[PDB]
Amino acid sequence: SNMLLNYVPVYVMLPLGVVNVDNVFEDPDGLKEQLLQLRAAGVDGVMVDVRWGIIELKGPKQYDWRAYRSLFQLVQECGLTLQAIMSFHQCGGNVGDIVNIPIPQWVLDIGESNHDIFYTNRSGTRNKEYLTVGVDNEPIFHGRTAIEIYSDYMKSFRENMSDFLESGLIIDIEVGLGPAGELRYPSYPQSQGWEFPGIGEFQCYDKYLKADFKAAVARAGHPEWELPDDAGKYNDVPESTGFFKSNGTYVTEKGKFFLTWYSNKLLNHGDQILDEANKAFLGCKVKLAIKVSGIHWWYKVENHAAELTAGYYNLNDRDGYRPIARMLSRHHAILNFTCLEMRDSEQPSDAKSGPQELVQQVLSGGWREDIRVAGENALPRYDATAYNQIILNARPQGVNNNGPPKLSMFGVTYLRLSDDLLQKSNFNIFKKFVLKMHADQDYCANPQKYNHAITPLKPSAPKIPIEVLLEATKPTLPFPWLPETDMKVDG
């Protein structure tokens, strides 16, 4: 019985490029300084993207883990733990982007001969940042399927990093399941002209997905059903489209079928890849996790358009997140969310943005399914208002004086370590943030003290059929949220 049980761990994301495109750890001295400053603040750990485009660049199964081993070594020396992301997606590539790392060139070479390995929009544009879920089990990559690539990659990682895993440095494995490493479709690509708060576009037009859907509708008794042709374009508003307008196609039988099939692909995609993750890190003292995208625009209108095109079939009469949480259950994985710092009043009224409500829904759905939920801030913020909102979401019902809190997130990762953050005035408030997150307790080196002891990863539990998974779509009332935290940074 002690306040320490209200302790929520805080991690800081490392900047991009720590390890460059040439697989070189370019600035150990500069990073060490920064890591030590993070120690002065009592930060628990850091998060780093382990880029597939950097590691398996040479060719199939030709991995080079040295640079990352050096990075891990430095982190361990500075006394911090680490969350490793298996990033099977592109980095940068947009005008102005400094850190640009596409997926392996040998995979792109295959893409030149088979354009359908990339997510595709209705106009036929190919998004080269990730491999379409449609080729998860297609053995077209020099004999391997997309999932086998991800599987061998994670297996190589565990073996070559066996020492860091056994010494307790690497404490979390976040499996990237799509663009930006999120489990979703690239519905709002900056490269194709999208601009907030556009509804975005469906990305199921590649030959593979377009064939599965057609077989699906045929089995449903409607062979003639086609992929959406009235959903408009990236920057449209819901009401201007035949698909999302009131009494539009989205509440139609065919529309509902399509949306169900569309969102279903994401559930199977994540479930199958997580199967490989459990096998790869079996026995290791590490937790598994995935990242869910926070599509807060249009959440306040009945059609939830942005979410739908992203692949989250979430409406006011259909929960599109609780099923994801349920799917994570058998893998004992953490649902890592975002938008933890946003307040509705900060978004433009024309965006119908409901980040606060989205967070409350996702988190409640996770706790309802009895899985752990973690999260990050969506955008760089250095003010007390952002921190207090994060702290609120961390322990939505406040702290329990002599016992664990009624509700609490498993941990939060702060967006990007940067010169701005380390700036004295900004770092001063950030430090108050860590203190409150830690419930006024000093940094605690042994997670066991606040009930975060990590045990050997167990095999994933029996597969759960899609019907049982979809039972979670039943709407539920969210847990009650406090209007403001009881533990705010005095600022």
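Residue positions are given as counts along the sequence shown, with the first one as 1.
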query	finding
Of 321-329 and 397-405, the stretch whose C-alpha atoms average the higher B-factor in the entry	397-405
Segment of higher mean CA temperature factor, 236-244 or 159-167	159-167
Residue, from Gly124, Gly365, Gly176, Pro186, that the PDB entry assigns the highest Cα B-factor	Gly124
Out of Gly198, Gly79, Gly96, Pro102, highest CA B-factor residue	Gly96
CA B-factor placement of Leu470, once the chain's modelled residues are sorted into thirds	highest
Relative C-alpha B-factor of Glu224, binned into the chain's lowest, middle or highest third	highest
Chain-relative CA temperature factor third for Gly193	highest
Chain-relative CA temperature factor third for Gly143	middle
Entry-reported Cα temperature factor of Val24, expressed as the chain third it lands in	middle
